[PDB]
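What follows is the residue order along each chain.
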Protein chains: 4
Amino acid sequence: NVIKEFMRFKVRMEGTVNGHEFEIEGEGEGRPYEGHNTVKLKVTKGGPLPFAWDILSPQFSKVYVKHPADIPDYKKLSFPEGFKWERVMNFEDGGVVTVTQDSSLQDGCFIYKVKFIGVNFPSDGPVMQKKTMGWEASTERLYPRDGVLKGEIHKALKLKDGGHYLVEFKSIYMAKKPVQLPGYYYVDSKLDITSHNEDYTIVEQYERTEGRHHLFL
Amino acid sequence: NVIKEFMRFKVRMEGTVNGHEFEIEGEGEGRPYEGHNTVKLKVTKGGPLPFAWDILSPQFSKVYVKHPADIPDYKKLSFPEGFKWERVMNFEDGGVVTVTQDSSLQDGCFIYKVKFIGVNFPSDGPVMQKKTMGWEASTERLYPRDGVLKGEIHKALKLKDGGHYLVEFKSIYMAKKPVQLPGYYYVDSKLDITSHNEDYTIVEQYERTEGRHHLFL
Amino acid sequence: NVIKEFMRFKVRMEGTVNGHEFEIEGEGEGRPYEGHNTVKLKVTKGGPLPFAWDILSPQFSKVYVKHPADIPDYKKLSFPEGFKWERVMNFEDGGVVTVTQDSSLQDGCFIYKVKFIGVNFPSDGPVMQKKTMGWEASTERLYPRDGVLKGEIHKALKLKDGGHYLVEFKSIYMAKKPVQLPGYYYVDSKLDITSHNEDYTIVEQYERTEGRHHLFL
Amino acid sequence: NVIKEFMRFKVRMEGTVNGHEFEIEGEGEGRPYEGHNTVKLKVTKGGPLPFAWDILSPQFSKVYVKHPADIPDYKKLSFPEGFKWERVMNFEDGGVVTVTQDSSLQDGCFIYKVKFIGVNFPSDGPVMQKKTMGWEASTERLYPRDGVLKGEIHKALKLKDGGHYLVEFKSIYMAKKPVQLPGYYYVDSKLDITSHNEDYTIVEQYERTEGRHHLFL
């Protein structure tokens, strides 16, 4: 019973976007059984970033998803050893990102290590021109496969000139030792940028995230 | 108004799958403000279908979606002229379908005409080996774009031997006269095959479908 | 045997693009063992088309591909019964087309029947705004799979205001009577529009197309 | 000038595939104006790798492509400063890789630094089951866009028990300074594994690669 009602975390990311290398370090905290967490990030290398912060924000904590008692909480059940997760983001104008992450627990602190590679973003598109204004709230479709947990999302970044910039997410959640899987279910999420300095070298985020069955079941 | 609390519809489909031609005709009914409708289909040419009925079932009625008052009901507003809808289905083993449809109103009955082309299904896959057993309930992400309404879904067919077979839907809803569009929102659906003979030449379906904002808003 | 060194063909297409229905009829001729053929097309219904002709031109004859003696010519061998072909076109701005075709033979005359559905073309993209100026020459990668022949191409339309508009082709060629398949090989093609009236309701085309092994073999 | 008729290179890769971290160091040499080069790799962290080596082999040197004098050799022109390249690999069973690379020149040796993230490979697919046995020779379609050079390839791995495993490559070559771009053209390549130990912790490769116009031009 190592996951307490209040848990902190530390995170480090090493990333590249369109050839630009960067490193980010941060700290966060939250209420894993309530579905709330916050994180504060500093760009330690490669700042100011020449692309939109918004593509990085969902890579900084699903052990914090609230689950109903009848849905196995695969990510919480994976501790204390923890889990790895990986992701594809397919952007509608041809950008592609892959992400790989390790989640562990030491001394009561979650430790998150992230690597990120984004490629093929057009020079005049909204990522490289910094035209995005945050994510809409989203709904992930999850299911078990291959002994692990997978999920997909149709997400959207709001645009300064109006309209949306569409991104498909595909994620894989992989316990370090096999633990109990849920069935077909959904996770609702809303991620807010709650603070940032003028060139996004210091950034604060809040996420609400909760799992559930389809409403018609 | 012109759309009554109870409305009947007639539908005809001409299609092809992996070089196999077929035609289907049917009749349905439902309650457009309550979010449900039913339909009875007969394969009138090309039966018995050498592929899974389930890939056809979502092409047989979104004027029937229940919408809250604060979300403009674009498809209902499009009548009496009505609307056209188009779709891509991307299957995880490479099958691809496009669909085009016309929806009109004639003497108090909705009239649906559907054209369907499905290609590249593997000979050994669940579609051509008839290994599927219905869709999970689903959730569509919709937004306005290009003066029309668009939406995407991550759907899944249950496999008879266990597991899921994954399908991405992208739809386009196009009113024949430009009427009020909604913002970013979601539609939940659940489609059930309620009757079928052994070779699926006579089939009946039931769908529940309703629009809503994201739960966290 | 049945395929002479000069052969004529007739073709008919029923199609839809972004809700616009049309029909085209044509007549062609060529030298199947030499790798060239020509065709003249007339829009009989739905002209003038509200989109670029170029997306239709490659749907009007691969029995005319020149093959070296050591690569089985699947499509020629399929006659007199003939073959079916299907295809996906994935356009980089989200347009998707599927196509299904039947090829038959009547005394010296090939008979081509095509159905085409194209969806999700942006209103202001180069297809709906008629901004394309023909295809580059291309190179298809083919291989046997599932007892039929498949092939993929990275193609490109030239744009009037310079640059290219990218399209991926996936094709499936299915003989109506089992005949010998080749292994992994390539087909080079170049299709030219050689005449058109102002609104593209009358068009003539020339195609050169020849198969070969990879040059390093 | 700086690119001599014979050139050596050193390479290091940091990668992750399905959660498995690894590092590889290597050394190569070749004839940049003739289109031939060889490389020798050793795994230095993470061996033996739990996946097919073949997905790594094309990430180890396009400055060695032979170009005819009439096609601008953008990568050679980029030196001595050099170029960066990025890549997406889309595998037919859902695996996705992104790659990012820096190419520089030091003490008369090219220096290559690669980062690689591979995700979503099925546990029973041919990559994680090590069921592949090298690439077919291939042909890349290249064009200028957005101030850089881009290319795509339909590639294929041979399967030990027969058949092929298909993979689409999208590459982006980004000179560190704005050196002249070519037009629409093709690059043929053939990569062979020439030596390896059983667990692929020691591997030797050879590549032939040459650029050209389409053959019909």
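Under the PDB entry, the name given to chain A is Red fluorescent protein drFP583, and the organism recorded is Discosoma sp.. In the PDB, the title recorded for this entry is "High Resolution Crystal Structure of the Discosoma Red Fluorescent Protein (DsRed)". Check the Function section of the UniProt entry for chain A; it says "Thought to play a role in photoprotection of the coral's resident symbiont microalgae's photosystems from photoinhibition caused by high light levels found near the surface of coral reefs. In deeper water, the fluorescence may be to convert blue light into longer wavelengths more suitable for use in photosynthesis by the microalgal symbionts." Recorded under Sequence similarities, the UniProt text for chain A is reproduced unchanged: "Belongs to the GFP family."

**Brief notes about the overall build of chain A**
Regarding its fold elements, chain A presents one helix and twelve strands. Going from the N terminus to the C terminus, chain A shows its helices and strands as β-β-β-α-β-β-β-β-β-β-β-β-β. In terms of overall dimensions, chain A has a C-alpha envelope of 45 × 40 × 30 Å along the principal axes. Counting over 217 residues, chain A shows a buried share of 60%. Here chain A contributes 30 positive and 31 negative side-chain charges, whose respective centroids are spaced 3 Å apart.

**Observations concerning the packing of aromatic side chains**
Scanning the entire structure with this criterion turns up 50 aromatic pairs over all chains. Measuring from ring centre to ring centre gives 6.0 Å for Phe79(B) and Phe83(B), while their planes differ by 85°; the resulting arrangement is edge-to-face. Judged on exposure class, the residue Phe79(B) and its partner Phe83(B) are both buried. Measuring from centroid to centroid gives 5.8 Å for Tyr64(C) and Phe110(C), while their planes differ by 70°, and the two rings are edge-to-face. With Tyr64(C) in the loop between strand 3 (36–45) and helix 1 (74–77) and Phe110(C) in strand 6 (residues 109–119), this pair connects stretches of sequence that are 46 residues apart. Just as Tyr64(C) is buried, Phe110(C) falls in that class too. A cation over a ring is seen here: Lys75(C) above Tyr173(C), with NZ or CZ 5.6 Å from the ring centre.

**Remarks on the interface of chain A and chain B**
Contacts between chain A and chain B engage 29 residues on the former and 29 residues on the latter. For the pair chain A and chain B, the summed buried surface comes to about 2,600 Å²; carbon and sulfur atoms form 60% of the total. Considering only the side of chain A, the residues that lose the most area to chain B are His154(A), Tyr184(A) and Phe216(A), jointly responsible for 29% of the buried surface there. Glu92(A) serves as the salt-bridge partner of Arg145(B), at 2.8 Å between the closest nitrogen and oxygen. At the junction of chain A with chain B, the criterion picks out 15 residue pairs in polar contact. Elements represented by at least two residues in the side of chain A that touches chain B include exactly strand 8 (138–145), strand 9 (148–159), strand 10 (164–175), strand 11 (185–196) and strand 12 (202–212) of chain A. A class-by-class count of the residues in the side of chain A that touches chain B yields ten nonpolar, seven polar and twelve charged.

**Observations regarding the pairing of strand 1 (residues 7–17) of chain D**
Residue and element names in this part refer to chain D. Bridge analysis of strand 1 against strand 2 (residues 20–31) gives eleven bridges, and the strand direction is antiparallel. The residue of strand 2 that forms the bridge with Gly15 is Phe22. A loop of two residues connects strand 1 with strand 2, the two strands running antiparallel in sequence, and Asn18 in this loop sits at a positive phi of about 45°.

**Looking at the relation of the copies chain A and chain B**
Superposition of chain A onto chain B requires a rotation of 179° combined with a translation of 0.0 Å along the rotation axis, giving an RMSD of 0.2 Å. These values place the two chain copies in the arrangement generated by a two-fold rotation axis.

**Description of the environment of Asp54(D)**
Residue and element names in this part refer to chain D. Inspection of the secondary structure puts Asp54 in the loop between strand 3 (36–45) and helix 1 (74–77). Given the relative accessible area of 7%, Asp54 is considered buried. Sequence separation between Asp54 and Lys4 is 50 residues, and the spatial gap between their C-alpha atoms is 30 Å. In terms of polar contacts, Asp54 uses its side chain to reach the side chain of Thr132, at 2.7 Å.

**Re the pattern of salt bridges**
Enumeration over the complete set of coordinates arrives at 60 salt bridges over all chains. Between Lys177(C) and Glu81(C) there is a salt bridge; the shortest N-O distance is 3.1 Å. Of this pair, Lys177(C) sits in the loop between strand 10 (164–175) and strand 11 (185–196) while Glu81(C) sits in the loop between helix 1 and strand 4 (83–91); the two residues are 96 residues apart in sequence, bridging distant segments of the chain. When salt bridges that share partners are traced, they join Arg12(A), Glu14(A), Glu23(A), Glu25(A) and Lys45(A) into one network.

**Considering the side chain of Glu152(D)**
Structurally, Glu152(D) is set in strand 9 (residues 148–159). Of the residues examined, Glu152(D) reaches a relative accessible area of 5% and is grouped as buried. Polar side-chain contacts of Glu152(D) include one of 2.5 Å to the side chain of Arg141(D). Side-chain polar atoms of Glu152(D) contact the side chain of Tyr143(D), separated by 2.5 Å. When neighbours within four sequence positions are excluded, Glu152(D) is seen to be in contact with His154(C), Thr139(D), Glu140(D), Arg141(D), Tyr143(D), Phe169(D) and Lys170(D).

**A short note on unusual backbone geometry**
Note the cis peptide between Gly47(A) and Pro48(A), where omega equals -5°. The backbone of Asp146(B) shows a phi angle near 65°, a positive value even though the residue is not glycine. Along the chain, the position of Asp146(B) falls in the loop between strand 8 (138–145) and strand 9 (148–159). One non-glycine residue, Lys130(C), adopts positive backbone phi at about 50°. Tracing the backbone shows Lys130(C) in the loop between strand 6 and strand 7 (132–135). In this structure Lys130(C) comes out as partly exposed when scored by relative accessible area, which is 47%.

**Re the side chain of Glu168(D)**
You can see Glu168(D) is positioned in strand 10 (residues 164–175). A distance of 2.8 Å separates a polar atom in the side chain of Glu168(D) from a polar atom in the side chain of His154(C). Apart from the residues lying within four places of it in its own chain, the contact partners of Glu168(D) are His154(C), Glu168(C), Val88(D), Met89(D), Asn90(D), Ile153(D) and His154(D).

**Side note on the environment of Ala156(B)**
Secondary-structure assignment places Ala156(B) in strand 9. Not counting residues up to four positions away in its chain, the partners in contact with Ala156(B) are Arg141(A), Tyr184(A), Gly134(B), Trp135(B), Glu136(B), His164(B), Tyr165(B) and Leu166(B).

**What to know about the pairing of strand 6 (residues 109–119) of chain D**
All names here are of chain D. The element strand 6 is largely enclosed, with a buried count of nine among its eleven residues. As paired elements, strand 1 and strand 6 share ten bridges and run parallel to each other. By the bridge assignment, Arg8 is partnered in strand 6 with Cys109. The sheet contact formed by strand 5 (residues 96–106) and strand 6 spans eleven bridges and is antiparallel. Bridge assignment links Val97 to a residue of strand 6, and that residue is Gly118. Where strand 5 folds back onto strand 6 in an antiparallel hairpin, the turn is made up of two residues, including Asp107, whose phi is positive at roughly 55°.

**Quick notes on the environment of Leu77(D)**
Along the chain, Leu77(D) turns up in helix 1. Sequence separation between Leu77(D) and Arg145(D) is 68 residues, and the spatial gap between their C-alpha atoms is 17 Å.

Calculation rules
- Residues numbered from 1 in each chain as written, not as in the entry; some residues may be left out.
- Chains lettered and ligands numbered in written order.
- Heavy atoms only, no water.
- UniProt positions renumbered as here; feature names shortened; annotations may be inferred.
- Helix = DSSP H or I, 4+ residues; strand = E, 2+ residues; numbered from the N terminus.
- Buried < 20%, exposed > 50% of the residue type's maximum accessible area, 1.4 Å probe, protein only.
- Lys, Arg positive; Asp, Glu negative; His and termini not counted.
- Charge placed at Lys NZ, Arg CZ, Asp CG, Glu CD.
- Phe/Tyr/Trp six-rings, centres within 6.5 Å; stacked < 30°, edge-to-face > 60°.
- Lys NZ or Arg CZ within 6 Å of the ring centre and 35° of its normal.
- Contact = heavy atoms within 4.5 Å.
- Buried area = accessible area lost by both parts, 1.4 Å probe.
- Salt bridge = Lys/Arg side-chain N within 4 Å of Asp/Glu carboxyl O.
- Polar contact = N/O pair within 3.5 Å; in protein donor to acceptor, adjacent residues only side chain to side chain.
- Nonpolar A, V, L, I, M, F, W, Y, C, P; charged D, E, K, R; others polar.
- Pairing = 2+ DSSP bridges.
- Least-squares fit on C-alpha atoms.

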